[PDB]
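Chemist: please work out how this folds:
(3 chains, ligands or ions: 4)
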Amino acid sequence: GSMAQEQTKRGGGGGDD
Amino acid sequence: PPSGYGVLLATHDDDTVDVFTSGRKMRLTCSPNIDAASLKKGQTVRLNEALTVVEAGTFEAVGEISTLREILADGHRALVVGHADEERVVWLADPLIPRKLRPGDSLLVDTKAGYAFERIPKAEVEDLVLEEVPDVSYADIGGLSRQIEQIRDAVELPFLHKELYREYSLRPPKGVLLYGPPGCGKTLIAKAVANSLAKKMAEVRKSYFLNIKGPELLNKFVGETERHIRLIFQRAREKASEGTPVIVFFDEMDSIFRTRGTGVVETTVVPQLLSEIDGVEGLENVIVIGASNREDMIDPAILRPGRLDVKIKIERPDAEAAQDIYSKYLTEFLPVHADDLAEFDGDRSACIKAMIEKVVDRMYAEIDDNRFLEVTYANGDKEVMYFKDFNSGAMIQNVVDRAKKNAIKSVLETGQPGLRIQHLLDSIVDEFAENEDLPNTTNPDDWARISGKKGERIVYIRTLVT
Amino acid sequence: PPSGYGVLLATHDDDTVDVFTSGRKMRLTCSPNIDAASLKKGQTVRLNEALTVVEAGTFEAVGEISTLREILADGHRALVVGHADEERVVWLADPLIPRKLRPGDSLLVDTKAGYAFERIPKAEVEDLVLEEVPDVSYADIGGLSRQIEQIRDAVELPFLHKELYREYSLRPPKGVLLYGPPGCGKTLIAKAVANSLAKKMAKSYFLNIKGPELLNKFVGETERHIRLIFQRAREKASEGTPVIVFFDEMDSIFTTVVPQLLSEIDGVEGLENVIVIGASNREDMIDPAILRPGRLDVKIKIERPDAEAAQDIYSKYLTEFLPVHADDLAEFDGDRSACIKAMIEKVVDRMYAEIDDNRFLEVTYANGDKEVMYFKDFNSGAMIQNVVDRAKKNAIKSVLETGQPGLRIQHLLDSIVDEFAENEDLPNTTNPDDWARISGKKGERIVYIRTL
Ligand SMILES: Nc1ncnc2c1ncn2[C@@H]1O[C@H](COP(=O)(O)OP(=O)(O)OP(=O)(O)O)[C@@H](O)[C@H]1O
Ligand SMILES: Nc1ncnc2c1ncn2[C@@H]1O[C@H](COP(=O)(O)OP(=O)(O)OP(=O)(O)O)[C@@H](O)[C@H]1O
Ligand SMILES: [Mg+2]
Ligand SMILES: [Mg+2]
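Modeler: Numbers count the residues shown, from 1 in each chain, chains lettered A, B, ... in the order given. Ligands and ions are numbered 1, 2, ... in the order given. Please find the structure below.
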């Protein structure tokens, strides 16, 4: 059970004005 | 001569009317020529420098497109939701208040004006994911009869004989899964099913067979990922209500709907998929078929009686299946050299059958050069694997292609037209030696079968080569 | 006369009122025609080129829609949120400042003027169901009489003697967790106990909640859903009938939502009528936090392997309405019931026999011992349903080809063989309720399993 790091993936957001 | 414009809102007893113009809501008196009685809400009007209604226009055909949610109790206002969930109540235009208004319709709306004017239909979503595959039939598939019979029973029979099913109170299978080692013909079965469905629909006289890859239905935005699947299922339900069978094919189901625990959004797709499948179970004509190489990586929750009740395993071909595949590929229409015809007196059929038997015997014989791997066991003795244990229809097709390429090379060099038996004979050894170094032919399913046969876990594998 | 519009903001004793016009607030006088006292907060007014309020109109009917969050202490202001998750305080209009507004209601608002004018009606269907009546009685299950008596003692017994149980200085358990192999029902028991409780209480509300669909992982939203579910449970508990909150496949869940669920359960601890019942396939994957004595104190294991129960289930599936071949009735002279019973007995004996066709598992022990598991083991109601459906398919094939209708023995045998060939797979016969069961049966641990 070796500890492992992570890399996340962003999700686009919808913003107006 | 320069005159402005505005949007009419309502009429009053004093012959004055509300108009929205340049972001300002005002009350104006119409000209004597224009009668206020004939004017209707939502109609564009022409103004002047003195802010006088001098002419009445029509309803504009530009602005935002929004989704209708509900109709307010008064019957003149409707609650709709914009692109970014900007829920708003808007007055309905005169033409809106056959076709009657229904929830979910696309409506023209101006947020600044606050009115909805016209309805615009959009039902082209299924055409985006529509896929057509001709030139494939069950005759082309060779070596697979039991699986073909089962898939015909799971698709063709319930639609052909509904009365028999209703007589015995037997629920038609709703979910069919196809799994096996790569290259064994799962996609071939799927495309044969698609072609048969297209033929049946043409006989009834296509778009009903929807095909989607996993990673196709992934969106970068925080939303709209659920919306795609929702629209797909709604379109499938509409096609079912049309009465014709509809088949949705999730190709390569390992990409999405995998196991929940494994990870390092994929978390939300599978639950809503289960909900949609349960909610569509009432429609007999909706059938969900998925093919997957890695059946273990899929979540066991979906692989349960119910949604995905039917499972089909396509194994590697044996000698007879290989002979059938060769018969499917080596047709009599390919040129044959006169040397082979001489021994068979020009009988193409018998010569080709004998050639197929010879090549099948050659590629399935336990020759020394056919040794491929050396499986190592912790306690038991080592086991030698053969190329026959990793045979597949794709390998047979590639062997035939290489033989035809060699025949083309021969007719280019020596000018002798036809296909020689030695072309197949040495293409066999060429193909076998090409995949000797690569252990890619091995699959986790193959290793599981081998470990379950001998009785010991695989410890080491060695690639034999001279 | 071209006349504009504006929004009244405040009323003052000096006959001058604040008006939001053209996007800005201005202190403006009122014409003698209109009465300043008659005017109301948030009312839309009309002006002219000289900027004089000539008349008052009606509250606006269009604009943005915001979700109410709270009401200010003064009673005149309310904090709401828009679609952009932005929070703003807006003064409630005169008709808004029975019905009392509550958080979660949708209000029409114009952010430029910052006034909420109206409450928009809403229709919710997901939370509106609130009622599911199970139809599965104890007649639907077979060979479970001892289990039925045990569950009657577990749940039905305390309710009949609540006063005695309370005066005996013991607090009642409110949590029943049914665990067992995934193939077995383990959920129709919940329907049966709900029906029994409804019958004994003398209409009955049984709430089924699915674990996978409850997941709102995005931002802690599953906690909100659980809170709403428990609030609805309390609402139904106000009505004088027991309410059962059922969870299916709790192993799909469980720093996480566990504390929220524990707090919500502790909220309904005083609700004796409401019983929380959960069914989880994976016993080991259950979080021990809920396994502590207290809430989910009652745990019941369901066991699939038994010949009598399987025979009873097979009899239940094969109703009299199914067509029977004339050749089958020839031996019984048209006695359909006896023929069907004999058919069920024969197929059950064939399934529960020890022959070469029953080599399902070739399991080797650590010491070197080997054993064969037959078709008697790993038998459940789901696989019997699959057998029945496959036999029906084979019978339809026989009718479509030979012509003679009915269901024959060879159909059952072929269905059994085919379904055991397909189900002879590790993923459906995975670790849960298999290794522990055989370890308790034979008496020795098992390290490796071979199949055929
Ligand atoms: N009877 C047959 N069995 C196996 N393969 C065949 C057969 N007939 C033709 N083939 C050839 O096998 C090739 C691969 O088939 P197919 O695309 O169906 O496999 P697949 O389902 O894509 O496998 P995977 O999904 O693991 O890649 C096809 O190009 C086809 O020409
Ligand atoms: N008396 C019975 N005993 C066992 N199984 C039965 C019985 N009666 C019916 N079944 C069948 O068992 C099948 C599964 O039932 P159920 O959904 O309760 O199992 P489950 O444990 O909830 O499965 P999962 O955990 O995968 O949802 C049903 O399709 C039903 O037809
Ligand atoms: Mg493929
Ligand atoms: Mg269950």
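
Chemist: what about the closest residue to ligand 2 within chain A, how many neighbours?
Modeler: Going by C-beta to the nearest ligand atom, ligand 2 is nearest to residue A:1 of chain A, at 28.2 Å. All C-beta spots, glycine's among them, are computed from the backbone N, C-alpha and C. Residue A:1 has 3 neighbours, counted by other C-beta atoms under 10 Å in any protein chain shown.

Chemist: and residue B:385, by the same measure?
Modeler: By the measure other C-beta under 10 Å, the count of residues near residue B:385 is 19.

Chemist: quick one, what contacts the closest residue to it other than its chain neighbours?
Modeler: Take residue B:385 and drop its neighbours on the chain: the residue closest to it by C-beta to C-beta, 6 or more residues apart in numbering or on different chains is residue B:373, 4.1 Å away. By C-beta atoms under 8 Å, 6 or more residues apart in numbering or on different chains, the contact set of residue B:373 is B:384, B:385, B:439, B:442, B:461, B:462, B:463, B:464.

Chemist: what about 10 Å?
Modeler: Counting by C-beta atoms under 10 Å, 6 or more residues apart in numbering or on different chains, residue B:373 makes contact with B:382-387, B:389-390, B:436, B:439, B:441-442, B:450, B:458, B:461-464.

Chemist: skipping adjacent residues, who's closest to the residue of the stretch 301-450 of chain B found nearest ligand 4 in space?
Modeler: Distance from ligand 4 to each residue of the stretch 301-450 of chain B (C-beta to the ion) is smallest for residue B:304, at 10.2 Å. Ranked by C-beta to C-beta, 6+ apart and with sequence neighbours excluded, the top spatial neighbour of residue B:304 is residue C:182, at 7.6 Å.

Chemist: and the one you found, its phi and psi?
Modeler: With angles defined as degrees, to the nearest 10, residue C:182 sits at phi -60, psi -30.

Chemist: how far away is it from residue B:306?
Modeler: Noted for residue C:182: a distance of 12 Å to residue B:306, by C-beta to C-beta, to the nearest Å.

Chemist: coming back round to it: bridge partners for the residue nearest to residue B:385, pull those for me.
Modeler: residue B:385, residue B:463 (DSSP bridges).

Chemist: now do stretch B:447-465: distance from first to last residue.
Modeler: The first residue of stretch B:447-465 is 21 Å away from its last residue (C-alpha to C-alpha, to the nearest Å).

Chemist: now swap in stretch B:157-166 and tell me
Modeler: The first and final residues of stretch B:157-166 sit 13 Å from each other (C-alpha to C-alpha).

Chemist: and that stretch, what's buried?
Modeler: Neighbour counts over stretch B:157-166 (16 or more other C-beta atoms under 10 Å in any protein chain shown) mark B:157, B:158, B:159, B:164, B:165 as buried.

Chemist: can you redo these as CSV with distance to residue A:7?
Modeler: Below are the buried residues of stretch B:157-166 laid out as CSV (distance: C-beta to C-beta, whole Å):
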residue, distance to residue A:7
B:157, 49
B:158, 47
B:159, 47
B:164, 55
B:165, 51
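
Chemist: pull the most distant pair out of the residues you listed.
Modeler: In the buried residues of stretch B:157-166, two members sit farther apart than any others by C-beta to C-beta. They are B:159 and B:164, at 11.5 Å.

Chemist: residues of chain A that sit close to chain C?
Modeler: Counting by C-beta under 10 Å from any C-beta of the partner chain, the positions of chain A adjacent to chain C are A:11, A:14, A:15, A:16, A:17.

Chemist: out of those, what pair is the most spread apart?
Modeler: A:11 and A:17 (20.7 Å).

Chemist: who has more neighbours, these two?
Modeler: Taking other C-beta under 10 Å, residue A:11 and residue A:17 do not tie; residue A:11 has more neighbours (13 against 3).

Chemist: now do the same contact list for the nearest residue to the more buried one once chain neighbours are set aside.
Modeler: Once flanking residues are discounted, residue A:11 sits nearest to residue B:222: 5.0 Å by C-beta to C-beta, 6+ apart. Residues near residue B:222 by C-beta under 10 Å, 6+ apart: A:11, A:12, A:13, A:14, B:265, C:218.
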